[PDB]
Amino acid sequence: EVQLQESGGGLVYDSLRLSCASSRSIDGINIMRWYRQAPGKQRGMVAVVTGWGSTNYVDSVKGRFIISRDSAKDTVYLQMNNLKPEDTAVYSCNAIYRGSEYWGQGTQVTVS
Amino acid sequence: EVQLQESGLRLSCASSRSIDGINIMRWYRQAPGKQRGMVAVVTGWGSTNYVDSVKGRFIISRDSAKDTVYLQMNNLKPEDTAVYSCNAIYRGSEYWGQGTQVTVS
Amino acid sequence: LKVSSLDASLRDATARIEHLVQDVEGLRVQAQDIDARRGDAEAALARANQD
Amino acid sequence: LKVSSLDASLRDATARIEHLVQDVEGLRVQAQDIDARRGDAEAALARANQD
Amino acid sequence: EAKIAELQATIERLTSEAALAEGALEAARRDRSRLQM
Amino acid sequence: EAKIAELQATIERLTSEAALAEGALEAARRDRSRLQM
Amino acid sequence: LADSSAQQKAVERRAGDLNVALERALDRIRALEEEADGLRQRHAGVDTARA
Amino acid sequence: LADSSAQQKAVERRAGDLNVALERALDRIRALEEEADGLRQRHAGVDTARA
């Protein structure tokens, strides 16, 4: 099964970066999307990338994030910008490959 | 440019053209005093699924010939009473018809 | 939990058992089909040699 | 107690499936050998027909 | 053909996941909209 | 080619409504988690 | 011709094996879909009960 | 030979195709078994907290 390693982290008093790389089938995933996982409460998606470049987002973060592929490391680029610090949450990135759904390990980030 | 005219314990719609040249289409349920809600999904494959409320309840079927899709009401408890409208998706577009209603019991 | 999981696993194992038993019997039958072909081939080689 | 018994039966069944896996792989090889001889015999038929 | 098969499998995945979301969250509307208004 | 383009577009839209639905329903989660807690 | 028809035999055979195995795999996908539906039903009931 | 090599190539292609189909179907069986497992443990937990 495709393994997924992620990135990100830190703590500052507006911008930060988060990209997860798949273990195999580089460029072998149609829909990829990160979900937000806030404490206690359940999990929910934040942004999507199709297999080819278009990017719908969640209304909660329109314009606030840029999501973009990078076949160089199979690291779709979930970019955190102008963060409202309350929006912190463990972040796991998903992969829908060959009809099967593969989950990341989750990552938590906060600033301010 | 597609039109989805409705019909109809068994209800259907017809498209303007290109059935099975029409990719994903689904149906929606409008309970009164409530907002929109999806019902059941046929694909171009015939791959199919329902929503949890109507799971097991409703059954959906595609007729490739006469430009149509089918929903058949089953063992209905009045709670499903609502106005239904049949939907379709074509090269990234909505496609909504006029829809039709279902009653108590 | 572990009775449920072990139960599902043993249903898997049973199903694989009857499937593979069908496979074994089918390949036996197909082997006799090959054997009949071989017998016919040997008879044909015999008449070929005599001719 | 049910878990204990059913785990025992699962161990027995996995032993059986391993043995029958051995049997089916062996029969696959054996059918392969008969197939090679089928090829040889049909070729001999062909050459004899040519002669 | 491989590409169409892959993308179609993804279509079924999205359909099923979207159905699950719609169901759970229509249930959320029902339940807590009744508990509120 | 035509069919793969069409199916790609359907992926596009289904993803979009997935996003909108998940968003309005995260909003439902927030509001109703407050309104019961 | 001899070795080409031999390869025909071998490939045709293993193709038949692949076809029957894929038949099984689609059947088992169907079955696991059915049991996942059963778990969904029971687990919706014993979720409303919890609520 | 033309006919036979045509059949050789054709069955080789169809065998490769159904090999891909078996690979993907076996992957799908693995996915469904994992999903059914997850249903099993989570259903047990929910039905027990509800007790």
# chains A, B, ... in the order shown; residues from 1 in each chain; ligands from 1
$ calpha_fit_and_write --fixed "chain C" --moving "chain D" --output "compact mmCIF listing (two decimals) with N, CA, C and O atoms, in the first residue's frame"
# COMPACT_ATOMS: atom_id res chain seq x y z
N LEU D 1 -14.06 -10.76 21.51
CA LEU D 1 -13.88 -10.00 20.28
C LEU D 1 -12.86 -10.65 19.35
O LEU D 1 -13.06 -10.71 18.12
N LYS D 2 -11.74 -11.15 19.90
CA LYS D 2 -10.76 -11.84 19.07
C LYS D 2 -11.36 -13.08 18.45
O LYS D 2 -11.10 -13.38 17.28
N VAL D 3 -12.14 -13.84 19.21
CA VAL D 3 -12.81 -15.00 18.64
C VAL D 3 -13.69 -14.58 17.48
O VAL D 3 -13.72 -15.23 16.43
N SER D 4 -14.44 -13.48 17.65
CA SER D 4 -15.31 -13.03 16.57
C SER D 4 -14.52 -12.75 15.30
O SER D 4 -14.84 -13.26 14.22
N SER D 5 -13.45 -11.95 15.43
CA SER D 5 -12.66 -11.60 14.25
C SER D 5 -12.02 -12.83 13.61
O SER D 5 -12.03 -12.98 12.39
N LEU D 6 -11.45 -13.71 14.43
CA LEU D 6 -10.73 -14.84 13.90
C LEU D 6 -11.68 -15.85 13.27
O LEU D 6 -11.35 -16.49 12.27
N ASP D 7 -12.89 -15.97 13.82
CA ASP D 7 -13.91 -16.79 13.18
C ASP D 7 -14.31 -16.20 11.83
O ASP D 7 -14.54 -16.94 10.87
N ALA D 8 -14.40 -14.87 11.74
CA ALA D 8 -14.67 -14.26 10.45
C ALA D 8 -13.59 -14.62 9.44
O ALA D 8 -13.88 -15.03 8.30
N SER D 9 -12.32 -14.47 9.83
CA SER D 9 -11.24 -14.78 8.91
C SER D 9 -11.23 -16.26 8.54
O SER D 9 -10.89 -16.62 7.42
N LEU D 10 -11.62 -17.12 9.48
CA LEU D 10 -11.70 -18.54 9.18
C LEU D 10 -12.80 -18.83 8.17
O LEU D 10 -12.65 -19.68 7.30
N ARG D 11 -13.94 -18.14 8.30
CA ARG D 11 -14.98 -18.29 7.29
C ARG D 11 -14.48 -17.85 5.92
O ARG D 11 -14.72 -18.53 4.91
N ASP D 12 -13.77 -16.73 5.87
CA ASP D 12 -13.22 -16.27 4.59
C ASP D 12 -12.24 -17.29 4.02
O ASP D 12 -12.27 -17.60 2.82
N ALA D 13 -11.38 -17.85 4.87
CA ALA D 13 -10.39 -18.81 4.41
C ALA D 13 -11.04 -20.10 3.95
O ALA D 13 -10.56 -20.73 3.00
N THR D 14 -12.12 -20.54 4.60
CA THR D 14 -12.75 -21.77 4.16
C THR D 14 -13.49 -21.54 2.84
O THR D 14 -13.54 -22.43 1.99
N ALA D 15 -14.00 -20.33 2.64
CA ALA D 15 -14.52 -19.99 1.32
C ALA D 15 -13.42 -20.07 0.26
O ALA D 15 -13.62 -20.62 -0.83
N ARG D 16 -12.25 -19.51 0.57
CA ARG D 16 -11.15 -19.55 -0.39
C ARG D 16 -10.71 -20.97 -0.68
O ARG D 16 -10.42 -21.32 -1.83
N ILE D 17 -10.62 -21.81 0.35
CA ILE D 17 -10.18 -23.18 0.12
C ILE D 17 -11.22 -23.94 -0.68
O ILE D 17 -10.86 -24.76 -1.53
N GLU D 18 -12.50 -23.65 -0.48
CA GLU D 18 -13.51 -24.30 -1.32
C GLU D 18 -13.37 -23.87 -2.78
O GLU D 18 -13.43 -24.71 -3.69
N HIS D 19 -13.17 -22.58 -3.02
CA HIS D 19 -13.02 -22.12 -4.40
C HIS D 19 -11.80 -22.73 -5.06
O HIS D 19 -11.85 -23.16 -6.22
N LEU D 20 -10.68 -22.79 -4.33
CA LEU D 20 -9.47 -23.33 -4.92
C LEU D 20 -9.56 -24.84 -5.07
O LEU D 20 -8.91 -25.42 -5.94
N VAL D 21 -10.37 -25.50 -4.24
CA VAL D 21 -10.65 -26.92 -4.46
C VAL D 21 -11.39 -27.09 -5.78
O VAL D 21 -11.07 -28.00 -6.57
N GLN D 22 -12.37 -26.24 -6.04
CA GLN D 22 -13.04 -26.28 -7.33
C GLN D 22 -12.04 -26.10 -8.47
O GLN D 22 -12.05 -26.85 -9.45
N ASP D 23 -11.15 -25.11 -8.33
CA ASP D 23 -10.17 -24.85 -9.38
C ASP D 23 -9.26 -26.05 -9.61
O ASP D 23 -8.99 -26.41 -10.76
N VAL D 24 -8.76 -26.66 -8.54
CA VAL D 24 -7.80 -27.74 -8.71
C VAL D 24 -8.47 -28.98 -9.27
O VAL D 24 -7.89 -29.69 -10.10
N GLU D 25 -9.71 -29.27 -8.86
CA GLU D 25 -10.40 -30.40 -9.46
C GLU D 25 -10.67 -30.16 -10.94
O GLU D 25 -10.50 -31.07 -11.77
N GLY D 26 -11.07 -28.94 -11.30
CA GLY D 26 -11.26 -28.63 -12.71
C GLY D 26 -9.98 -28.78 -13.51
O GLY D 26 -9.99 -29.33 -14.61
N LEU D 27 -8.86 -28.30 -12.96
CA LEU D 27 -7.60 -28.44 -13.68
C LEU D 27 -7.18 -29.89 -13.77
O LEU D 27 -6.56 -30.28 -14.77
N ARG D 28 -7.50 -30.70 -12.77
CA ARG D 28 -7.21 -32.12 -12.87
C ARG D 28 -7.99 -32.74 -14.03
O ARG D 28 -7.43 -33.51 -14.82
N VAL D 29 -9.27 -32.40 -14.15
CA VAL D 29 -10.06 -32.91 -15.27
C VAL D 29 -9.47 -32.45 -16.60
O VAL D 29 -9.37 -33.22 -17.56
N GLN D 30 -9.08 -31.18 -16.67
CA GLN D 30 -8.56 -30.62 -17.92
C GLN D 30 -7.27 -31.31 -18.33
O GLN D 30 -7.06 -31.62 -19.51
N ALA D 31 -6.39 -31.55 -17.36
CA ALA D 31 -5.18 -32.30 -17.64
C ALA D 31 -5.51 -33.72 -18.09
O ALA D 31 -4.83 -34.28 -18.95
N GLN D 32 -6.56 -34.31 -17.52
CA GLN D 32 -6.98 -35.64 -17.96
C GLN D 32 -7.38 -35.62 -19.43
O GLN D 32 -7.03 -36.53 -20.20
N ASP D 33 -8.10 -34.58 -19.84
CA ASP D 33 -8.52 -34.48 -21.24
C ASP D 33 -7.30 -34.34 -22.16
O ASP D 33 -7.20 -35.02 -23.19
N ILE D 34 -6.38 -33.45 -21.79
CA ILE D 34 -5.17 -33.35 -22.60
C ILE D 34 -4.42 -34.66 -22.64
O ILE D 34 -3.82 -35.00 -23.66
N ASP D 35 -4.46 -35.44 -21.56
CA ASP D 35 -3.78 -36.73 -21.56
C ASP D 35 -4.41 -37.69 -22.55
O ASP D 35 -3.71 -38.45 -23.24
N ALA D 36 -5.74 -37.70 -22.62
CA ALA D 36 -6.41 -38.55 -23.61
C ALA D 36 -5.99 -38.17 -25.02
O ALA D 36 -5.71 -39.04 -25.87
N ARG D 37 -5.93 -36.87 -25.31
CA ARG D 37 -5.49 -36.47 -26.64
C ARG D 37 -4.03 -36.81 -26.86
O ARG D 37 -3.62 -37.10 -27.99
N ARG D 38 -3.22 -36.79 -25.81
CA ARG D 38 -1.84 -37.24 -25.93
C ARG D 38 -1.78 -38.69 -26.38
O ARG D 38 -0.99 -39.06 -27.25
N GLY D 39 -2.61 -39.53 -25.76
CA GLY D 39 -2.65 -40.92 -26.15
C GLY D 39 -3.05 -41.10 -27.60
O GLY D 39 -2.42 -41.86 -28.34
N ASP D 40 -4.08 -40.38 -28.03
CA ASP D 40 -4.51 -40.47 -29.42
C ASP D 40 -3.40 -40.05 -30.37
O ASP D 40 -3.13 -40.71 -31.38
N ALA D 41 -2.73 -38.94 -30.06
CA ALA D 41 -1.69 -38.42 -30.95
C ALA D 41 -0.50 -39.36 -31.01
O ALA D 41 0.08 -39.57 -32.08
N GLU D 42 -0.12 -39.95 -29.88
CA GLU D 42 0.99 -40.89 -29.91
C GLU D 42 0.62 -42.15 -30.68
O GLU D 42 1.46 -42.71 -31.40
N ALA D 43 -0.63 -42.60 -30.56
CA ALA D 43 -1.06 -43.75 -31.36
C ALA D 43 -1.02 -43.43 -32.85
O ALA D 43 -0.63 -44.28 -33.66
N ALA D 44 -1.46 -42.23 -33.23
CA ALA D 44 -1.40 -41.85 -34.64
C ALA D 44 0.03 -41.81 -35.13
O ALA D 44 0.33 -42.28 -36.23
N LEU D 45 0.93 -41.25 -34.33
CA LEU D 45 2.35 -41.36 -34.64
C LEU D 45 2.75 -42.80 -34.88
O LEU D 45 3.45 -43.10 -35.86
N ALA D 46 2.35 -43.70 -33.99
CA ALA D 46 2.80 -45.08 -34.08
C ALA D 46 2.31 -45.73 -35.37
O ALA D 46 3.07 -46.38 -36.09
N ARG D 47 1.02 -45.56 -35.67
CA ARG D 47 0.48 -46.17 -36.88
C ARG D 47 1.12 -45.58 -38.12
O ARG D 47 1.40 -46.30 -39.08
N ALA D 48 1.35 -44.27 -38.13
CA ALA D 48 1.97 -43.66 -39.29
C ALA D 48 3.39 -44.17 -39.47
O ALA D 48 3.84 -44.37 -40.60
N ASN D 49 4.11 -44.36 -38.37
CA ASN D 49 5.45 -44.94 -38.46
C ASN D 49 5.38 -46.35 -39.04
O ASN D 49 6.23 -46.76 -39.84
N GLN D 50 4.35 -47.11 -38.65
CA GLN D 50 4.18 -48.45 -39.19
C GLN D 50 3.96 -48.40 -40.69
O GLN D 50 4.63 -49.10 -41.46
N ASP D 51 3.03 -47.55 -41.14
CA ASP D 51 2.80 -47.38 -42.57
C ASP D 51 4.06 -46.92 -43.28
O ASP D 51 4.29 -47.27 -44.45
$ calpha_fit_and_write --fixed "chain G" --moving "chain H" --output "tab-separated table (two decimals) with C-alpha atoms, in the first residue's frame"
chain	number	residue	atom	x	y	z
H	1	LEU	CA	5.47	-24.03	-35.45
H	2	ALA	CA	6.17	-26.43	-32.63
H	3	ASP	CA	7.53	-23.56	-30.54
H	4	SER	CA	4.66	-21.24	-31.44
H	5	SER	CA	1.89	-23.74	-30.76
H	6	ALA	CA	3.56	-24.54	-27.46
H	7	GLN	CA	3.38	-20.85	-26.54
H	8	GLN	CA	-0.20	-20.70	-27.83
H	9	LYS	CA	-1.29	-23.55	-25.58
H	10	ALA	CA	0.69	-22.21	-22.62
H	11	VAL	CA	-0.70	-18.69	-22.73
H	12	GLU	CA	-4.17	-20.12	-23.34
H	13	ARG	CA	-3.87	-22.19	-20.18
H	14	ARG	CA	-2.57	-19.27	-18.13
H	15	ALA	CA	-5.34	-17.06	-19.48
H	16	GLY	CA	-7.97	-19.59	-18.46
H	17	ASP	CA	-6.45	-19.85	-14.99
H	18	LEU	CA	-6.43	-16.11	-14.42
H	19	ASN	CA	-9.95	-15.99	-15.83
H	20	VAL	CA	-11.01	-18.29	-13.03
H	21	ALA	CA	-9.07	-16.11	-10.59
H	22	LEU	CA	-10.84	-12.96	-11.80
H	23	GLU	CA	-14.22	-14.66	-11.56
H	24	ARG	CA	-13.61	-15.72	-7.96
H	25	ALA	CA	-12.08	-12.36	-7.00
H	26	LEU	CA	-15.03	-10.46	-8.46
H	27	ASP	CA	-17.38	-12.75	-6.54
H	28	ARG	CA	-15.37	-11.99	-3.40
H	29	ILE	CA	-15.64	-8.25	-4.06
H	30	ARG	CA	-19.41	-8.64	-4.35
H	31	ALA	CA	-19.49	-10.57	-1.07
H	32	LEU	CA	-17.43	-7.94	0.73
H	33	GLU	CA	-19.57	-5.10	-0.61
H	34	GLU	CA	-22.69	-6.84	0.69
H	35	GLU	CA	-21.04	-7.43	4.08
H	36	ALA	CA	-19.89	-3.82	4.35
H	37	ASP	CA	-23.44	-2.76	3.50
H	38	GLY	CA	-24.81	-4.90	6.32
H	39	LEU	CA	-22.32	-3.35	8.71
H	40	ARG	CA	-23.48	0.06	7.55
H	41	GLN	CA	-27.18	-0.36	8.30
H	42	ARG	CA	-26.74	-2.32	11.51
H	43	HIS	CA	-24.12	0.11	12.83
H	44	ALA	CA	-26.48	3.00	12.09
H	45	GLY	CA	-29.29	1.26	13.96
H	46	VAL	CA	-27.17	0.43	17.01
H	47	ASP	CA	-25.58	3.88	17.22
H	48	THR	CA	-29.05	5.43	17.03
H	49	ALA	CA	-30.77	3.21	19.60
H	50	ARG	CA	-27.80	4.04	21.82
H	51	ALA	CA	-28.70	7.70	21.36
$ residues_around --residues "residue 14 of chain E" --least-positions-apart "3" --cutoff "8 Å" --atoms "only C-alpha atoms" --output "ChimeraX atom specification"
/E:10-11,17-18 /F:14-15
$ residues_around --residues "residue 40 of chain B" --least-positions-apart "2" --cutoff "7 Å" --atoms "only C-alpha atoms" --output "VMD selection string"
chain B and resid 26 to 27 38 42 49 to 51
$ residues_around --residues "residue 37 of chain A" --least-positions-apart "3" --cutoff "7 Å" --atoms "only C-alpha atoms" --output "list in words"
residues 42, 43, 44, 89, 90 and 91 of chain A
$ write_last_selection --atoms "C-alpha atoms" --output "JSON list (two decimals), in the first residue's frame"
[["chain", "number", "residue", "atom", "x", "y", "z"],
["A", 42, "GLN", "CA", -14.30, 14.84, 13.96],
["A", 43, "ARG", "CA", -12.32, 15.21, 10.75],
["A", 44, "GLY", "CA", -12.98, 17.23, 7.62],
["A", 89, "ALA", "CA", -5.72, 21.13, 13.65],
["A", 90, "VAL", "CA", -3.92, 17.86, 13.09],
["A", 91, "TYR", "CA", -3.52, 17.57, 9.33]]
$ residues_around --residues "residue 80 of chain B" --least-positions-apart "6" --cutoff "12 Å" --atoms "only C-alpha atoms" --output "list in words"
residues 28, 29, 30, 31, 32, 37, 39, 53, 54, 57, 58, 73, 74, 101, 102, 103, 104 and 105 of chain B
$ write_last_selection --atoms "N, CA, C and O atoms" --output "PDB file, in the first residue's frame"
ATOM      1  N   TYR B  28     -32.442  13.820  -6.133  1.00  0.00           N
ATOM      2  CA  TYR B  28     -32.436  14.624  -4.926  1.00  0.00           C
ATOM      3  C   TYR B  28     -33.840  14.694  -4.346  1.00  0.00           C
ATOM      4  O   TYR B  28     -34.841  14.646  -5.068  1.00  0.00           O
ATOM      5  N   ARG B  29     -33.893  14.821  -3.023  1.00  0.00           N
ATOM      6  CA  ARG B  29     -35.131  14.838  -2.262  1.00  0.00           C
ATOM      7  C   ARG B  29     -35.252  16.165  -1.535  1.00  0.00           C
ATOM      8  O   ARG B  29     -34.325  16.595  -0.845  1.00  0.00           O
ATOM      9  N   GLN B  30     -36.397  16.816  -1.693  1.00  0.00           N
ATOM     10  CA  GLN B  30     -36.654  18.099  -1.041  1.00  0.00           C
ATOM     11  C   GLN B  30     -37.782  17.912  -0.034  1.00  0.00           C
ATOM     12  O   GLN B  30     -38.957  18.077  -0.372  1.00  0.00           O
ATOM     13  N   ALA B  31     -37.427  17.562   1.194  1.00  0.00           N
ATOM     14  CA  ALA B  31     -38.404  17.580   2.267  1.00  0.00           C
ATOM     15  C   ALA B  31     -38.858  19.017   2.503  1.00  0.00           C
ATOM     16  O   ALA B  31     -38.045  19.944   2.423  1.00  0.00           O
ATOM     17  N   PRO B  32     -40.137  19.246   2.782  1.00  0.00           N
ATOM     18  CA  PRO B  32     -40.615  20.624   2.888  1.00  0.00           C
ATOM     19  C   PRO B  32     -40.058  21.313   4.121  1.00  0.00           C
ATOM     20  O   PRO B  32     -39.788  20.681   5.143  1.00  0.00           O
ATOM     21  N   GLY B  37     -31.304  17.816  -0.794  1.00  0.00           N
ATOM     22  CA  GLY B  37     -30.718  16.570  -0.331  1.00  0.00           C
ATOM     23  C   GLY B  37     -30.632  15.475  -1.375  1.00  0.00           C
ATOM     24  O   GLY B  37     -31.627  15.170  -2.035  1.00  0.00           O
ATOM     25  N   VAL B  39     -30.274  11.723  -3.118  1.00  0.00           N
ATOM     26  CA  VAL B  39     -31.005  10.492  -2.842  1.00  0.00           C
ATOM     27  C   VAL B  39     -30.185   9.268  -3.195  1.00  0.00           C
ATOM     28  O   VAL B  39     -29.769   8.509  -2.315  1.00  0.00           O
ATOM     29  N   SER B  53     -30.225   7.040   4.659  1.00  0.00           N
ATOM     30  CA  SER B  53     -31.629   7.047   5.039  1.00  0.00           C
ATOM     31  C   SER B  53     -32.435   6.105   4.163  1.00  0.00           C
ATOM     32  O   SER B  53     -33.242   5.314   4.661  1.00  0.00           O
ATOM     33  N   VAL B  54     -32.224   6.166   2.848  1.00  0.00           N
ATOM     34  CA  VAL B  54     -32.995   5.347   1.930  1.00  0.00           C
ATOM     35  C   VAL B  54     -32.278   4.066   1.556  1.00  0.00           C
ATOM     36  O   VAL B  54     -32.736   3.352   0.654  1.00  0.00           O
ATOM     37  N   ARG B  57     -34.020   0.807   1.113  1.00  0.00           N
ATOM     38  CA  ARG B  57     -35.324   1.242   0.639  1.00  0.00           C
ATOM     39  C   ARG B  57     -35.363   1.309  -0.877  1.00  0.00           C
ATOM     40  O   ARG B  57     -35.935   0.428  -1.523  1.00  0.00           O
ATOM     41  N   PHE B  58     -34.701   2.289  -1.471  1.00  0.00           N
ATOM     42  CA  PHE B  58     -34.957   2.584  -2.871  1.00  0.00           C
ATOM     43  C   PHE B  58     -34.014   1.821  -3.785  1.00  0.00           C
ATOM     44  O   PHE B  58     -32.942   1.363  -3.389  1.00  0.00           O
ATOM     45  N   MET B  73     -40.044   3.628  -5.696  1.00  0.00           N
ATOM     46  CA  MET B  73     -40.302   3.766  -4.270  1.00  0.00           C
ATOM     47  C   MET B  73     -40.443   2.369  -3.666  1.00  0.00           C
ATOM     48  O   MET B  73     -40.971   1.454  -4.301  1.00  0.00           O
ATOM     49  N   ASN B  74     -39.986   2.203  -2.426  1.00  0.00           N
ATOM     50  CA  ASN B  74     -40.118   0.893  -1.797  1.00  0.00           C
ATOM     51  C   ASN B  74     -40.467   1.016  -0.325  1.00  0.00           C
ATOM     52  O   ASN B  74     -39.888   1.846   0.381  1.00  0.00           O
ATOM     53  N   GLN B 101     -43.383  15.702  -6.596  1.00  0.00           N
ATOM     54  CA  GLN B 101     -43.558  15.516  -5.166  1.00  0.00           C
ATOM     55  C   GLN B 101     -44.101  14.128  -4.864  1.00  0.00           C
ATOM     56  O   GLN B 101     -44.701  13.461  -5.709  1.00  0.00           O
ATOM     57  N   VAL B 102     -43.875  13.704  -3.624  1.00  0.00           N
ATOM     58  CA  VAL B 102     -44.389  12.446  -3.111  1.00  0.00           C
ATOM     59  C   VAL B 102     -45.109  12.766  -1.810  1.00  0.00           C
ATOM     60  O   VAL B 102     -44.799  13.745  -1.127  1.00  0.00           O
ATOM     61  N   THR B 103     -46.086  11.928  -1.476  1.00  0.00           N
ATOM     62  CA  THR B 103     -47.028  12.243  -0.413  1.00  0.00           C
ATOM     63  C   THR B 103     -46.874  11.339   0.799  1.00  0.00           C
ATOM     64  O   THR B 103     -45.951  10.523   0.874  1.00  0.00           O
ATOM     65  N   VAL B 104     -47.773  11.507   1.768  1.00  0.00           N
ATOM     66  CA  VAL B 104     -47.757  10.759   3.018  1.00  0.00           C
ATOM     67  C   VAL B 104     -48.090   9.299   2.743  1.00  0.00           C
ATOM     68  O   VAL B 104     -48.826   8.987   1.800  1.00  0.00           O
ATOM     69  N   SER B 105     -47.531   8.400   3.553  1.00  0.00           N
ATOM     70  CA  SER B 105     -47.831   6.967   3.496  1.00  0.00           C
ATOM     71  C   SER B 105     -47.464   6.329   2.156  1.00  0.00           C
ATOM     72  O   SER B 105     -47.594   5.116   1.986  1.00  0.00           O
TER      73      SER B 105
END
$ decode --residues "segment 1-16 of chain G" --atoms "N, CA, C and O atoms" --output "PDB file, in the first residue's frame"
ATOM      1  N   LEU G   1       7.124 -23.370 -35.712  1.00  0.00           N
ATOM      2  CA  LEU G   1       5.726 -23.707 -35.489  1.00  0.00           C
ATOM      3  C   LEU G   1       5.546 -24.555 -34.250  1.00  0.00           C
ATOM      4  O   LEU G   1       4.589 -24.358 -33.491  1.00  0.00           O
ATOM      5  N   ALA G   2       6.454 -25.491 -34.013  1.00  0.00           N
ATOM      6  CA  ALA G   2       6.328 -26.322 -32.826  1.00  0.00           C
ATOM      7  C   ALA G   2       6.316 -25.464 -31.568  1.00  0.00           C
ATOM      8  O   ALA G   2       5.376 -25.528 -30.764  1.00  0.00           O
ATOM      9  N   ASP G   3       7.325 -24.606 -31.407  1.00  0.00           N
ATOM     10  CA  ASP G   3       7.428 -23.875 -30.146  1.00  0.00           C
ATOM     11  C   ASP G   3       6.399 -22.752 -30.080  1.00  0.00           C
ATOM     12  O   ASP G   3       5.942 -22.382 -28.996  1.00  0.00           O
ATOM     13  N   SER G   4       5.992 -22.219 -31.232  1.00  0.00           N
ATOM     14  CA  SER G   4       4.938 -21.216 -31.227  1.00  0.00           C
ATOM     15  C   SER G   4       3.618 -21.808 -30.765  1.00  0.00           C
ATOM     16  O   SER G   4       2.906 -21.192 -29.966  1.00  0.00           O
ATOM     17  N   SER G   5       3.261 -22.998 -31.247  1.00  0.00           N
ATOM     18  CA  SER G   5       2.015 -23.591 -30.784  1.00  0.00           C
ATOM     19  C   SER G   5       2.136 -24.061 -29.342  1.00  0.00           C
ATOM     20  O   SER G   5       1.148 -24.055 -28.600  1.00  0.00           O
ATOM     21  N   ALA G   6       3.339 -24.442 -28.914  1.00  0.00           N
ATOM     22  CA  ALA G   6       3.532 -24.741 -27.496  1.00  0.00           C
ATOM     23  C   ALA G   6       3.263 -23.509 -26.636  1.00  0.00           C
ATOM     24  O   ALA G   6       2.571 -23.584 -25.610  1.00  0.00           O
ATOM     25  N   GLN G   7       3.805 -22.362 -27.045  1.00  0.00           N
ATOM     26  CA  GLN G   7       3.549 -21.132 -26.314  1.00  0.00           C
ATOM     27  C   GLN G   7       2.084 -20.768 -26.366  1.00  0.00           C
ATOM     28  O   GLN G   7       1.538 -20.258 -25.387  1.00  0.00           O
ATOM     29  N   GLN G   8       1.434 -21.012 -27.498  1.00  0.00           N
ATOM     30  CA  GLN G   8      -0.009 -20.842 -27.565  1.00  0.00           C
ATOM     31  C   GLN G   8      -0.695 -21.646 -26.479  1.00  0.00           C
ATOM     32  O   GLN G   8      -1.541 -21.119 -25.751  1.00  0.00           O
ATOM     33  N   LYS G   9      -0.338 -22.923 -26.356  1.00  0.00           N
ATOM     34  CA  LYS G   9      -0.954 -23.762 -25.335  1.00  0.00           C
ATOM     35  C   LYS G   9      -0.749 -23.173 -23.946  1.00  0.00           C
ATOM     36  O   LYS G   9      -1.706 -23.003 -23.177  1.00  0.00           O
ATOM     37  N   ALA G  10       0.500 -22.854 -23.607  1.00  0.00           N
ATOM     38  CA  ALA G  10       0.803 -22.413 -22.246  1.00  0.00           C
ATOM     39  C   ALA G  10       0.095 -21.103 -21.915  1.00  0.00           C
ATOM     40  O   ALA G  10      -0.519 -20.960 -20.848  1.00  0.00           O
ATOM     41  N   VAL G  11       0.180 -20.131 -22.823  1.00  0.00           N
ATOM     42  CA  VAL G  11      -0.457 -18.849 -22.593  1.00  0.00           C
ATOM     43  C   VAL G  11      -1.962 -19.003 -22.510  1.00  0.00           C
ATOM     44  O   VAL G  11      -2.601 -18.381 -21.656  1.00  0.00           O
ATOM     45  N   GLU G  12      -2.562 -19.829 -23.367  1.00  0.00           N
ATOM     46  CA  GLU G  12      -4.005 -20.015 -23.307  1.00  0.00           C
ATOM     47  C   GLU G  12      -4.413 -20.605 -21.969  1.00  0.00           C
ATOM     48  O   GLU G  12      -5.409 -20.188 -21.364  1.00  0.00           O
ATOM     49  N   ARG G  13      -3.645 -21.578 -21.483  1.00  0.00           N
ATOM     50  CA  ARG G  13      -3.964 -22.194 -20.202  1.00  0.00           C
ATOM     51  C   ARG G  13      -3.885 -21.187 -19.064  1.00  0.00           C
ATOM     52  O   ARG G  13      -4.837 -21.041 -18.279  1.00  0.00           O
ATOM     53  N   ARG G  14      -2.762 -20.480 -18.957  1.00  0.00           N
ATOM     54  CA  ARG G  14      -2.621 -19.553 -17.842  1.00  0.00           C
ATOM     55  C   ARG G  14      -3.623 -18.416 -17.973  1.00  0.00           C
ATOM     56  O   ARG G  14      -4.067 -17.850 -16.969  1.00  0.00           O
ATOM     57  N   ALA G  15      -4.042 -18.107 -19.200  1.00  0.00           N
ATOM     58  CA  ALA G  15      -5.084 -17.110 -19.387  1.00  0.00           C
ATOM     59  C   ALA G  15      -6.415 -17.605 -18.848  1.00  0.00           C
ATOM     60  O   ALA G  15      -7.172 -16.837 -18.244  1.00  0.00           O
ATOM     61  N   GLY G  16      -6.729 -18.881 -19.069  1.00  0.00           N
ATOM     62  CA  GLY G  16      -7.937 -19.432 -18.475  1.00  0.00           C
ATOM     63  C   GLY G  16      -7.900 -19.382 -16.959  1.00  0.00           C
ATOM     64  O   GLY G  16      -8.904 -19.068 -16.304  1.00  0.00           O
TER      65      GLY G  16
END
